Amino acid sequence: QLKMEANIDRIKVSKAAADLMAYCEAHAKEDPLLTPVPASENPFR
Amino acid sequence: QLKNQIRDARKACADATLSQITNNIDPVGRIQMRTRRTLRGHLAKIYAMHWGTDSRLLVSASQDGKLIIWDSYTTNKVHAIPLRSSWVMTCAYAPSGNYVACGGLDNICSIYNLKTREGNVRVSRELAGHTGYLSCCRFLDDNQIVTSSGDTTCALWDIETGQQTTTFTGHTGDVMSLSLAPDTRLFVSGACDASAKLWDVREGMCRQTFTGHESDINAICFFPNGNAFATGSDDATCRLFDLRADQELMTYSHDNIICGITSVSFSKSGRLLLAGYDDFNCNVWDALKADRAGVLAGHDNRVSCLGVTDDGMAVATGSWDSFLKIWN
Amino acid sequence: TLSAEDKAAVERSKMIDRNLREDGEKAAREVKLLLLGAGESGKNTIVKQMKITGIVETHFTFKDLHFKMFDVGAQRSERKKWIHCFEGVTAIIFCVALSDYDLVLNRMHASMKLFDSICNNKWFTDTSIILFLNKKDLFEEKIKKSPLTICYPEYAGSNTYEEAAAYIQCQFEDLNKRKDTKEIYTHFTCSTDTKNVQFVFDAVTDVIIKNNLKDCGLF
Amino acid sequence: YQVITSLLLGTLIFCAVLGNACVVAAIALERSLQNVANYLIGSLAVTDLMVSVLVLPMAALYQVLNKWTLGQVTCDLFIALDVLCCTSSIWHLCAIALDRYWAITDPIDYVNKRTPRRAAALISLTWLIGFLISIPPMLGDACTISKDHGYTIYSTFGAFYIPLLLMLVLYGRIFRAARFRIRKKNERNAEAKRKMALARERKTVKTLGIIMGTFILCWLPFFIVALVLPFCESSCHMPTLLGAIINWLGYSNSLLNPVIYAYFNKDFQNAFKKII
Ligand SMILES: C/C=C\C/C=C\C/C=C/C/C=C/CCCC(=O)O[C@H](COC(=O)CCCCCCCCCCCCC)COP(=O)(O)O[C@H]1[C@H](O)[C@@H](O)[C@H](OP(=O)(O)O)[C@@H](O)[C@H]1O
Ligand SMILES: CC(C)CCC[C@@H](C)[C@H]1CC[C@H]2[C@@H]3CC=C4C[C@@H](O)CC[C@]4(C)[C@H]3CC[C@]12C
Ligand SMILES: CC(C)CCC[C@@H](C)[C@H]1CC[C@H]2[C@@H]3CC=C4C[C@@H](O)CC[C@]4(C)[C@H]3CC[C@]12C
Ligand SMILES: CC(C)CCC[C@@H](C)[C@H]1CC[C@H]2[C@@H]3CC=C4C[C@@H](O)CC[C@]4(C)[C@H]3CC[C@]12C
Ligand SMILES: CC(C)CCC[C@@H](C)[C@H]1CC[C@H]2[C@@H]3CC=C4C[C@@H](O)CC[C@]4(C)[C@H]3CC[C@]12C
Ligand SMILES: NCCc1c[nH]c2ccc(O)cc12
């Protein structure tokens with residue numbers, strides 16, 4: 001079990017952090033919760 | 001020895017934390033949200049809620065034996081499915097919206113069909129193979145469904161056949177929460193052992209181990225990228241674990257909170273995540289800065305469940321007052 | 001606003017709300033009870049007596065009053081994660097067998113620990129507890145054949161029946177730390193049948209009356 | 001001189017209105033207070049608010065000016081509204097007493113059938129009685145109420161004396177039931193039982209004493225005066241200050257009923273804390 005689990009492509013944790021930051025900043029424009037959407041196009045009005 | 005080797009490897013791989021990278025990132029600031037819709041149809045406590053694929057219909061289960069499918073626009077009721085067992089602890093919504101699932105203290109994740117020629121909701125399937133109270137059964141496709149039990153096991157079920165195909169074992173404490181990846185190729189489960197197991201559906205065996213909590217974990221949610229998920233515990237210290245790094249990254253803790261957490265969820269882009277504590281307040285934690293950016297109120301007793309729409313248009317939260325609040 | 005489909009949807013929602021409200025009113029006027037105890041302390045015997053694979057919901061009808069009893073002992077698991085859902089129950093029925101000294105899984109100590117843990121639960125502060133003692137006869141023969149010193153190292157006295165029963169009763173009544181909020185009702189279960197149901201009904205009525213008086217401030 | 005009493009009257013009606021409005025708002029905005037008894041309490045608060053908003057200001061104006069300057073058309077409306085609202089407020093106490101008696105002595109009815117329709121019917125009956133006590137005189141420089149012997153006795157017996165006995169009997173039965181319930185190594189148990197019994201008896205006695213004594217000492221003098229004065233025409237030289245105080249006691253009860261019924265109980269103040 002653990003023998004095969006050990007053999008895995010190991011990447012830097014900083015690389016994972018950078019990837020997460022890139023993903024967060026890539027789709028930040030399409031976040032209605034992040035930026036307050038005005039009532040004009042908000043379907044909750 | 002192998003556990004020590006894994007611990008040493010992860011410690012060596014821990015060269016820097018996300019805080020240093022996110023230090024230069026400006027904070028999201030104050031996030032002001034108000035209850036724009038109020039759904040009051042239930043009469044007892046509710047413990048589950050799941051949004052639809054079209055970000056219009058959502059399903060919620062209550063303890064009065066009734067399940068209500070609400071319209072997020074007109075606040076109307078489209079269906080009302082009575083439950084044979086009044087004790088329901090979880091619910092799920094099919095990706096295509098053709099089927100619904102419900103599970104609780106009874107060892108059954110019943111499947112209900114919504115669209116039929118007769119036009120009347122009726123029981124579709126009754127999966128009864130578990131020996132413990134169910135925690136969370138979630139749909140993978142229109143043909144497959146996973147189940148989380150209260151007897152240290154998780155099994156994959158085929159709807160038409162009714163017999164489980166794969167069974168997972170290895171937990172000491174009962175599993176509480178289960179979340180599915182966006183691609184429906186793998187999932188991670190959590191148990192009261194202060195640890196989480198990653199499970200692969202196609203092969204059907206565990207892959208990797210997470211630890212770090214001191215008490216039981218109540219909720220788990222996958223990051224939108226699908227390479228990480230956040231775990232909540234009763235110690236009021238949510239921990240985010242990355243499937244790539246395979247190690248703890250940051251902790252969401254505050255001295256002002258002493259009560260545990262019930263449900264967690266992420267946003268469409270994953271920049272901000274929601275958290276439902278036992279203080280009838282939901283905290284809008286920032287994914288990067290790990291700070292508190294928003295406060296939600298309006299619940300009397302406790303927040304039980306909350307979920308974000310696929311489109312990210314709004315977020316819904318459930319409490320023990322039979323009131324569903326739609327925040328945006 | 002001038003849409004026929006919107007009016008139809010509103011009518012459907014109103015019908016659904018009417019159905020939900022009437023069903024909730026129907027399900028509100030029925031007492032909910034709880035059953036707790038060991039696996040083989042006589043719980044199933046009590047269920048059979050009153051009426052003659054998870055939660056077993058059984059319905060009773062006695063003197064125009066409906067009872068819902070939830071036998072949760074069928075499935076064994078961590079009590080912390082499913083005991084909070086039973087808040088608001090009118091009363092809790094606790095079953096423990098007197099003749100538990102011979103059987104060793106010790107059993108009496110485990111039963112007392114379980115009773116102490118459940119009674120002092122944060123969710124059952126205002127919940128009354130009904131305690132039932134089963135198979136008194138077998139306890140009688142066991143005491144006639146075995147001493148009482150093995151079970152209680154700190155107790156010494158005559159090996160009689162009534163005194164031993166009173167000692168057990170008061171020791172069970174002493175486990176609870178809070179006494180002003182909840183009151184424990186102990187009973188002796190015998191071969192009789194109607195007595196158990198009558199005692200349960202009387203306990204439920206007394207609990208309801210005391211709750212009403214507390215709401216009125218006279219108790 | 002006029003300002004000294006005017007300020008006190010203004011404060012009295014202001015605080016009565018504030019209390020009644022707060023009670024009504026708390027009942028309305030709370031979903032956990034939507035109980036059958038709370039409906040009766042809210043109806044009582046609404047009646048008291050009507051008394052404080054409509055009747056009390058004109059009574060204070062009459063009291064300070066010592067004369068009616070608004071004419072007979074307004075005098076008739078004032079008298080009718082005063083009688084109707086006061087009778088409705090008085091009968092709500094008896095309605096609440098009956099509801100409590102049913103809840104305590106009939107637990108089966110409480111569990112099986114106790115819906116808001118019962119409170120609605122009780123409120124409707126109380127308002128019907130109040131109307132029946134107010135319309136007869138209309139259909140039959142001082143704005144004095146009619147002092148006909150037959151009408152006086154009928155109104156007094158239908159407003160105070162009938163409910164007085166129907167309330168005394170009900171709380172007597174409730175007290176008997178409460179005493180029966182309360183009454184029904186060794187040193188610890190004995191002392192605990194004695195302490196619990198004495199504490200519960202003192203609590204119930206204090207509650208019943210407050211509830212009955214406030215109502216008695218605030219209404220009985222007024223109705224006694226109303227039932228004595230019209231039947232003794234020869235002797236009508238009573239002091240004015242005593243009559244004014246006795247008359248104003250009934251109005252002052254408007255701010256006392258919500259305190260007795262609404263503010264004291266732990267749940268209502270908890271709701272107040274939550275909303276605050
Ligand atoms: C001769 C010597 C002996 C004789 C006298 C001395 C010894 C005896 C004293 C008699 C008591 C004097 C009056 C004080 C009563 C008193 O102590 O009040 C207690 C504590 O509250 C506060 O004090 C706190 C105060 C809270 C007030 C609410 C806040 C708002 C007030 C302003 C409202 C106006 C602005 C809106 C609580 O009230 P309580 O002691 O009377 O106990 C009960 C009360 O009688 C019941 O009404 C109530 O329910 P009910 O039956 O339906 O009516 C019960 O729940 C409970 O409250
Ligand atoms: C004419 C003078 C005395 C002013 C009094 C106006 C009264 C009638 C007004 C003020 C506030 C109002 C109430 C406030 C909120 C509620 C709760 C709701 O669920 C039903 C209606 C009800 C009860 C309203 C009905 C009418 C009301 C009682
Ligand atoms: C959920 C529902 C059943 C709540 C019930 C509340 C109803 C029954 C209560 C609340 C306040 C009450 C009203 C308040 C005051 C008035 C004005 C009076 O001149 C006639 C009666 C009337 C109109 C009362 C009748 C009954 C009433 C409307
Ligand atoms: C009429 C209004 C304005 C004033 C009301 C005064 C009230 C507070 C007075 C009148 C008589 C008093 C009561 C008379 C005797 C008893 C019984 C005793 O065992 C406890 C105190 C108790 C209950 C007293 C409490 C306060 C009391 C109720
Ligand atoms: C205990 C409290 C809260 C309620 C009772 C307060 C009483 C004593 C107050 C309220 C209004 C007051 C009265 C209002 C106006 C008059 C008319 C005047 O020509 C003599 C005094 C007199 C009669 C006042 C005396 C005291 C009074 C009656
Ligand atoms: N403010 C009290 C008015 C009132 C109510 N009921 C009454 C009965 C008889 C009477 O003279 C007067 C009244």
# chains A, B, ... in the order shown; residues from 1 in each chain; ligands from 1
>>> closest_atom_pairs(of="chain B", to="chain C", cutoff="8 Å", atoms="only C-alpha atoms", output="JSON lines")
{"residue": "B:41", "atom": "CA", "partner": "C:17", "partner_atom": "CA", "distance": 6.9}
{"residue": "B:43", "atom": "CA", "partner": "C:24", "partner_atom": "CA", "distance": 7.2}
{"residue": "B:64", "atom": "CA", "partner": "C:24", "partner_atom": "CA", "distance": 7.3}
{"residue": "B:66", "atom": "CA", "partner": "C:20", "partner_atom": "CA", "distance": 7.8}
{"residue": "B:76", "atom": "CA", "partner": "C:13", "partner_atom": "CA", "distance": 5.5}
{"residue": "B:77", "atom": "CA", "partner": "C:13", "partner_atom": "CA", "distance": 4.8}
{"residue": "B:78", "atom": "CA", "partner": "C:13", "partner_atom": "CA", "distance": 6.7}
{"residue": "B:79", "atom": "CA", "partner": "C:16", "partner_atom": "CA", "distance": 7.4}
{"residue": "B:80", "atom": "CA", "partner": "C:16", "partner_atom": "CA", "distance": 6.7}
{"residue": "B:105", "atom": "CA", "partner": "C:54", "partner_atom": "CA", "distance": 6.3}
{"residue": "B:106", "atom": "CA", "partner": "C:54", "partner_atom": "CA", "distance": 4.8}
{"residue": "B:107", "atom": "CA", "partner": "C:54", "partner_atom": "CA", "distance": 6.2}
{"residue": "B:131", "atom": "CA", "partner": "C:53", "partner_atom": "CA", "distance": 7.3}
{"residue": "B:132", "atom": "CA", "partner": "C:75", "partner_atom": "CA", "distance": 6.3}
{"residue": "B:133", "atom": "CA", "partner": "C:54", "partner_atom": "CA", "distance": 7.1}
{"residue": "B:150", "atom": "CA", "partner": "C:77", "partner_atom": "CA", "distance": 7.1}
{"residue": "B:151", "atom": "CA", "partner": "C:77", "partner_atom": "CA", "distance": 7.1}
{"residue": "B:174", "atom": "CA", "partner": "C:78", "partner_atom": "CA", "distance": 7.7}
>>> write_last_selection(atoms="N, CA and C atoms", output="compact mmCIF listing (two decimals), in the first residue's frame")
# COMPACT_ATOMS: atom_id res chain seq x y z
N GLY B 41 -40.29 27.73 4.49
CA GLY B 41 -41.27 26.70 4.21
C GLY B 41 -41.15 25.52 5.15
N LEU B 43 -40.42 23.54 8.85
CA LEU B 43 -40.95 23.70 10.19
C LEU B 43 -40.03 23.13 11.27
N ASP B 64 -38.63 17.36 9.50
CA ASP B 64 -40.07 17.15 9.53
C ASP B 64 -40.54 16.13 8.50
N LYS B 66 -40.01 16.30 5.19
CA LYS B 66 -40.34 16.94 3.93
C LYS B 66 -39.08 17.50 3.28
N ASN B 76 -40.30 30.32 -4.99
CA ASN B 76 -41.45 29.44 -5.09
C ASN B 76 -41.03 27.99 -4.87
N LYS B 77 -42.01 27.15 -4.58
CA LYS B 77 -41.79 25.72 -4.38
C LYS B 77 -42.28 24.96 -5.60
N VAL B 78 -41.42 24.08 -6.13
CA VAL B 78 -41.74 23.34 -7.35
C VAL B 78 -42.13 21.91 -7.00
N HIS B 79 -41.60 21.40 -5.89
CA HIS B 79 -41.88 20.03 -5.48
C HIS B 79 -41.79 19.92 -3.97
N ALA B 80 -42.47 18.91 -3.42
CA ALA B 80 -42.43 18.60 -2.00
C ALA B 80 -42.49 17.09 -1.85
N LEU B 105 -30.27 8.75 9.80
CA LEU B 105 -30.01 7.71 10.78
C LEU B 105 -30.30 6.32 10.24
N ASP B 106 -31.28 6.19 9.36
CA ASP B 106 -31.53 4.92 8.69
C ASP B 106 -30.40 4.62 7.71
N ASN B 107 -30.09 3.33 7.57
CA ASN B 107 -28.97 2.92 6.74
C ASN B 107 -29.37 2.84 5.27
N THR B 131 -24.58 -0.72 7.47
CA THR B 131 -24.92 -1.13 8.83
C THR B 131 -24.85 0.02 9.82
N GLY B 132 -24.63 1.25 9.35
CA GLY B 132 -24.55 2.39 10.23
C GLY B 132 -25.23 3.60 9.62
N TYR B 133 -25.48 4.59 10.47
CA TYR B 133 -26.12 5.82 10.03
C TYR B 133 -25.30 6.49 8.93
N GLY B 150 -21.78 5.74 8.73
CA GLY B 150 -21.35 6.02 10.09
C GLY B 150 -20.67 4.83 10.74
N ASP B 151 -20.22 3.87 9.94
CA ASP B 151 -19.56 2.67 10.42
C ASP B 151 -18.23 2.47 9.72
N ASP B 174 -16.12 7.06 12.64
CA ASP B 174 -17.11 7.20 11.58
C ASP B 174 -16.83 8.44 10.74
>>> interface_residues(of="chain D", to="chain B", cutoff="10 Å", atoms="only C-alpha atoms", output="list in words")
residues 31, 32 and 274 of chain D
>>> write_last_selection(atoms="C-alpha atoms", output="compact mmCIF listing (two decimals), in the first residue's frame")
# COMPACT_ATOMS: atom_id res chain seq x y z
CA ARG D 31 -40.95 33.72 15.22
CA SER D 32 -40.32 31.84 18.49
CA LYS D 274 -31.97 39.09 21.14
>>> residues_around(residues="range 36-42 of chain A", least_positions_apart="2", cutoff="12 Å", atoms="only C-alpha atoms", output="number ranges by chain")
A: 29-34, 44-45; B: 28-34, 36, 73, 312-314, 327-328
>>> write_last_selection(atoms="N, CA, C and O atoms", output="PDB file, in the first residue's frame")
ATOM      1  N   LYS A  29     -12.165  37.948 -12.059  1.00  0.00           N
ATOM      2  CA  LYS A  29     -13.088  38.875 -12.703  1.00  0.00           C
ATOM      3  C   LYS A  29     -14.514  38.338 -12.716  1.00  0.00           C
ATOM      4  O   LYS A  29     -15.469  39.121 -12.770  1.00  0.00           O
ATOM      5  N   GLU A  30     -14.679  37.015 -12.669  1.00  0.00           N
ATOM      6  CA  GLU A  30     -15.986  36.375 -12.749  1.00  0.00           C
ATOM      7  C   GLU A  30     -16.513  35.957 -11.380  1.00  0.00           C
ATOM      8  O   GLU A  30     -17.152  34.906 -11.255  1.00  0.00           O
ATOM      9  N   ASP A  31     -16.257  36.759 -10.347  1.00  0.00           N
ATOM     10  CA  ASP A  31     -16.695  36.445  -8.990  1.00  0.00           C
ATOM     11  C   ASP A  31     -17.734  37.462  -8.537  1.00  0.00           C
ATOM     12  O   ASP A  31     -17.371  38.532  -8.025  1.00  0.00           O
ATOM     13  N   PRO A  32     -19.030  37.185  -8.698  1.00  0.00           N
ATOM     14  CA  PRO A  32     -20.040  38.118  -8.172  1.00  0.00           C
ATOM     15  C   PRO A  32     -19.938  38.327  -6.673  1.00  0.00           C
ATOM     16  O   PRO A  32     -20.206  39.434  -6.190  1.00  0.00           O
ATOM     17  N   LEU A  33     -19.560  37.293  -5.917  1.00  0.00           N
ATOM     18  CA  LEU A  33     -19.417  37.448  -4.474  1.00  0.00           C
ATOM     19  C   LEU A  33     -18.250  38.361  -4.122  1.00  0.00           C
ATOM     20  O   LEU A  33     -18.330  39.119  -3.150  1.00  0.00           O
ATOM     21  N   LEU A  34     -17.163  38.304  -4.895  1.00  0.00           N
ATOM     22  CA  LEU A  34     -16.000  39.134  -4.603  1.00  0.00           C
ATOM     23  C   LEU A  34     -16.311  40.609  -4.830  1.00  0.00           C
ATOM     24  O   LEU A  34     -16.241  41.422  -3.900  1.00  0.00           O
ATOM     25  N   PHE A  44     -31.209  38.918  -8.399  1.00  0.00           N
ATOM     26  CA  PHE A  44     -31.820  38.867  -7.076  1.00  0.00           C
ATOM     27  C   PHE A  44     -32.519  40.175  -6.718  1.00  0.00           C
ATOM     28  O   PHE A  44     -32.671  40.497  -5.534  1.00  0.00           O
ATOM     29  N   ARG A  45     -32.953  40.931  -7.722  1.00  0.00           N
ATOM     30  CA  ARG A  45     -33.605  42.217  -7.504  1.00  0.00           C
ATOM     31  C   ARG A  45     -35.060  42.172  -7.960  1.00  0.00           C
ATOM     32  O   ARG A  45     -35.426  42.780  -8.965  1.00  0.00           O
TER      33      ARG A  45
ATOM     34  N   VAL B  28      -8.691  41.419   0.238  1.00  0.00           N
ATOM     35  CA  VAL B  28      -9.984  41.601  -0.407  1.00  0.00           C
ATOM     36  C   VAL B  28     -10.769  42.736   0.233  1.00  0.00           C
ATOM     37  O   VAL B  28     -11.642  43.325  -0.411  1.00  0.00           O
ATOM     38  N   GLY B  29     -10.479  43.060   1.491  1.00  0.00           N
ATOM     39  CA  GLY B  29     -11.194  44.116   2.175  1.00  0.00           C
ATOM     40  C   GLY B  29     -12.504  43.627   2.767  1.00  0.00           C
ATOM     41  O   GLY B  29     -12.775  42.425   2.870  1.00  0.00           O
ATOM     42  N   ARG B  30     -13.331  44.589   3.163  1.00  0.00           N
ATOM     43  CA  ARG B  30     -14.619  44.287   3.775  1.00  0.00           C
ATOM     44  C   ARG B  30     -15.596  43.820   2.704  1.00  0.00           C
ATOM     45  O   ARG B  30     -15.785  44.498   1.688  1.00  0.00           O
ATOM     46  N   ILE B  31     -16.213  42.664   2.930  1.00  0.00           N
ATOM     47  CA  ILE B  31     -17.219  42.112   2.032  1.00  0.00           C
ATOM     48  C   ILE B  31     -18.565  42.286   2.727  1.00  0.00           C
ATOM     49  O   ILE B  31     -18.856  41.617   3.723  1.00  0.00           O
ATOM     50  N   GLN B  32     -19.390  43.187   2.202  1.00  0.00           N
ATOM     51  CA  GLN B  32     -20.693  43.482   2.787  1.00  0.00           C
ATOM     52  C   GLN B  32     -21.766  42.701   2.038  1.00  0.00           C
ATOM     53  O   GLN B  32     -21.922  42.857   0.822  1.00  0.00           O
ATOM     54  N   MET B  33     -22.504  41.865   2.766  1.00  0.00           N
ATOM     55  CA  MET B  33     -23.578  41.067   2.199  1.00  0.00           C
ATOM     56  C   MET B  33     -24.800  41.153   3.102  1.00  0.00           C
ATOM     57  O   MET B  33     -24.682  41.251   4.326  1.00  0.00           O
ATOM     58  N   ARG B  34     -25.978  41.117   2.482  1.00  0.00           N
ATOM     59  CA  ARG B  34     -27.238  41.193   3.204  1.00  0.00           C
ATOM     60  C   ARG B  34     -28.197  40.150   2.651  1.00  0.00           C
ATOM     61  O   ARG B  34     -28.112  39.764   1.483  1.00  0.00           O
ATOM     62  N   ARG B  36     -30.989  38.931   0.838  1.00  0.00           N
ATOM     63  CA  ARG B  36     -31.830  39.461  -0.224  1.00  0.00           C
ATOM     64  C   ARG B  36     -33.048  38.593  -0.508  1.00  0.00           C
ATOM     65  O   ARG B  36     -33.999  39.074  -1.131  1.00  0.00           O
ATOM     66  N   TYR B  73     -35.155  32.329  -7.895  1.00  0.00           N
ATOM     67  CA  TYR B  73     -35.586  33.611  -8.443  1.00  0.00           C
ATOM     68  C   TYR B  73     -36.876  34.103  -7.796  1.00  0.00           C
ATOM     69  O   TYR B  73     -36.903  35.187  -7.204  1.00  0.00           O
ATOM     70  N   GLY B 312     -21.464  30.872  -9.206  1.00  0.00           N
ATOM     71  CA  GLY B 312     -21.000  31.846  -8.241  1.00  0.00           C
ATOM     72  C   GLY B 312     -21.901  33.047  -8.078  1.00  0.00           C
ATOM     73  O   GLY B 312     -21.486  34.036  -7.463  1.00  0.00           O
ATOM     74  N   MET B 313     -23.124  32.993  -8.611  1.00  0.00           N
ATOM     75  CA  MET B 313     -24.003  34.156  -8.580  1.00  0.00           C
ATOM     76  C   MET B 313     -24.427  34.501  -7.157  1.00  0.00           C
ATOM     77  O   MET B 313     -24.577  35.681  -6.820  1.00  0.00           O
ATOM     78  N   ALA B 314     -24.624  33.494  -6.308  1.00  0.00           N
ATOM     79  CA  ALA B 314     -25.041  33.726  -4.933  1.00  0.00           C
ATOM     80  C   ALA B 314     -24.676  32.509  -4.092  1.00  0.00           C
ATOM     81  O   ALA B 314     -24.255  31.472  -4.610  1.00  0.00           O
ATOM     82  N   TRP B 327     -27.543  34.713   0.326  1.00  0.00           N
ATOM     83  CA  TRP B 327     -26.619  35.834   0.363  1.00  0.00           C
ATOM     84  C   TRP B 327     -25.935  36.003  -0.987  1.00  0.00           C
ATOM     85  O   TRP B 327     -25.740  35.041  -1.734  1.00  0.00           O
ATOM     86  N   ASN B 328     -25.573  37.245  -1.294  1.00  0.00           N
ATOM     87  CA  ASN B 328     -24.902  37.558  -2.550  1.00  0.00           C
ATOM     88  C   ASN B 328     -23.957  38.742  -2.369  1.00  0.00           C
ATOM     89  O   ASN B 328     -22.945  38.860  -3.059  1.00  0.00           O
TER      90      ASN B 328
END
>>> residues_near_ligand(ligand="ligand 6", cutoff="9 Å", atoms="only C-alpha atoms and all ligand atoms", output="number ranges by chain")
D: 55, 79-88, 90, 130, 133-134, 145-147, 151-160, 219, 222-223, 225-227, 247-248, 250-251
>>> residues_near_ligand(ligand="ligand 2", cutoff="6 Å", atoms="only C-alpha atoms and all ligand atoms", output="PyMOL selection string")
chain D and resi 28+50+53
>>> write_last_selection(atoms="C-alpha atoms", output="mmCIF file, in the first residue's frame")
data_model
loop_
_atom_site.group_PDB
_atom_site.id
_atom_site.type_symbol
_atom_site.label_atom_id
_atom_site.label_comp_id
_atom_site.auth_asym_id
_atom_site.auth_seq_id
_atom_site.Cartn_x
_atom_site.Cartn_y
_atom_site.Cartn_z
ATOM 1 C CA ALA D 28 -44.623 40.565 15.715
ATOM 2 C CA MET D 50 -55.471 51.665 21.777
ATOM 3 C CA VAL D 53 -53.423 56.405 22.139
#
>>> closest_atom_pairs(of="chain D", to="ligand 5", cutoff="12 Å", atoms="only C-alpha atoms and all ligand atoms", output="Markdown table")
| residue | atom | partner | partner_atom_place_in_ligand_line | distance |
| --- | --- | --- | --- | --- |
| D:1 | CA | ligand 5 | 18 (C) | 9.1 |
| D:2 | CA | ligand 5 | 18 (C) | 8.6 |
| D:3 | CA | ligand 5 | 15 (C) | 10.4 |
| D:4 | CA | ligand 5 | 15 (C) | 8.9 |
| D:5 | CA | ligand 5 | 15 (C) | 5.2 |
| D:6 | CA | ligand 5 | 15 (C) | 7.5 |
| D:7 | CA | ligand 5 | 14 (C) | 9.4 |
| D:8 | CA | ligand 5 | 11 (C) | 6.3 |
| D:9 | CA | ligand 5 | 11 (C) | 5.6 |
| D:10 | CA | ligand 5 | 11 (C) | 9.2 |
| D:11 | CA | ligand 5 | 11 (C) | 9.1 |
| D:12 | CA | ligand 5 | 10 (C) | 6.7 |
| D:13 | CA | ligand 5 | 11 (C) | 9.4 |
| D:15 | CA | ligand 5 | 3 (C) | 9.6 |
| D:16 | CA | ligand 5 | 3 (C) | 9.5 |
| D:56 | CA | ligand 5 | 11 (C) | 10.9 |
| D:57 | CA | ligand 5 | 14 (C) | 11.8 |
| D:59 | CA | ligand 5 | 14 (C) | 10.0 |
| D:60 | CA | ligand 5 | 15 (C) | 7.7 |
| D:61 | CA | ligand 5 | 15 (C) | 10.2 |
| D:62 | CA | ligand 5 | 17 (C) | 10.1 |
| D:63 | CA | ligand 5 | 17 (C) | 6.2 |
| D:64 | CA | ligand 5 | 17 (C) | 7.1 |
| D:65 | CA | ligand 5 | 19 (O) | 9.9 |
| D:66 | CA | ligand 5 | 19 (O) | 8.6 |
| D:214 | CA | ligand 5 | 1 (C) | 10.1 |
| D:217 | CA | ligand 5 | 1 (C) | 10.9 |
| D:218 | CA | ligand 5 | 5 (C) | 8.8 |
| D:219 | CA | ligand 5 | 5 (C) | 11.9 |
| D:239 | CA | ligand 5 | 19 (O) | 10.7 |
| D:240 | CA | ligand 5 | 19 (O) | 7.5 |
| D:241 | CA | ligand 5 | 20 (C) | 5.3 |
| D:242 | CA | ligand 5 | 23 (C) | 7.1 |
| D:243 | CA | ligand 5 | 23 (C) | 7.8 |
| D:244 | CA | ligand 5 | 23 (C) | 4.7 |
| D:245 | CA | ligand 5 | 28 (C) | 4.3 |
| D:246 | CA | ligand 5 | 28 (C) | 7.4 |
| D:247 | CA | ligand 5 | 28 (C) | 8.1 |
| D:248 | CA | ligand 5 | 28 (C) | 5.4 |
| D:249 | CA | ligand 5 | 5 (C) | 5.9 |
| D:250 | CA | ligand 5 | 5 (C) | 8.9 |
| D:251 | CA | ligand 5 | 10 (C) | 8.5 |
| D:252 | CA | ligand 5 | 4 (C) | 5.0 |
| D:253 | CA | ligand 5 | 4 (C) | 7.1 |
| D:254 | CA | ligand 5 | 4 (C) | 9.2 |
| D:255 | CA | ligand 5 | 3 (C) | 7.4 |
| D:256 | CA | ligand 5 | 3 (C) | 7.3 |
| D:257 | CA | ligand 5 | 3 (C) | 11.1 |
| D:259 | CA | ligand 5 | 3 (C) | 10.7 |
>>> residues_near_ligand(ligand="ligand 1", cutoff="7 Å", atoms="only C-alpha atoms and all ligand atoms", output="ChimeraX atom specification")
/C:215-217 /D:15-16,18-19,22,206-207,210-211,255,259-261,263-266
>>> residues_near_ligand(ligand="ligand 3", cutoff="6 Å", atoms="only C-alpha atoms and all ligand atoms", output="list in words")
residues 43, 116, 120 and 124 of chain D
>>> select_by_dssp(residues="range 46-116 of chain C", states="alpha helix (DSSP H)", output="count of residues only")
16
>>> residues_around(residues="residue 186 in chain D", least_positions_apart="5", cutoff="12 Å", atoms="only C-alpha atoms", output="mmCIF file with N, CA and C atoms, in the first residue's frame")
data_model
loop_
_atom_site.group_PDB
_atom_site.id
_atom_site.type_symbol
_atom_site.label_atom_id
_atom_site.label_comp_id
_atom_site.auth_asym_id
_atom_site.auth_seq_id
_atom_site.Cartn_x
_atom_site.Cartn_y
_atom_site.Cartn_z
ATOM 1 N N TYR C 167 -31.219 0.585 47.845
ATOM 2 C CA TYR C 167 -29.861 1.084 47.671
ATOM 3 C C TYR C 167 -29.551 1.321 46.200
ATOM 4 N N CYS C 170 -31.549 4.474 44.936
ATOM 5 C CA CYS C 170 -31.015 5.771 45.340
ATOM 6 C C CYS C 170 -29.651 6.029 44.714
ATOM 7 N N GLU D 191 -33.136 17.304 53.136
ATOM 8 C CA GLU D 191 -32.909 18.740 53.030
ATOM 9 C C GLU D 191 -33.154 19.234 51.610
ATOM 10 N N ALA D 192 -32.734 18.464 50.602
ATOM 11 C CA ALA D 192 -32.987 18.866 49.223
ATOM 12 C C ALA D 192 -34.483 18.951 48.949
ATOM 13 N N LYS D 193 -35.239 17.942 49.390
ATOM 14 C CA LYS D 193 -36.680 17.950 49.173
ATOM 15 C C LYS D 193 -37.334 19.124 49.888
#
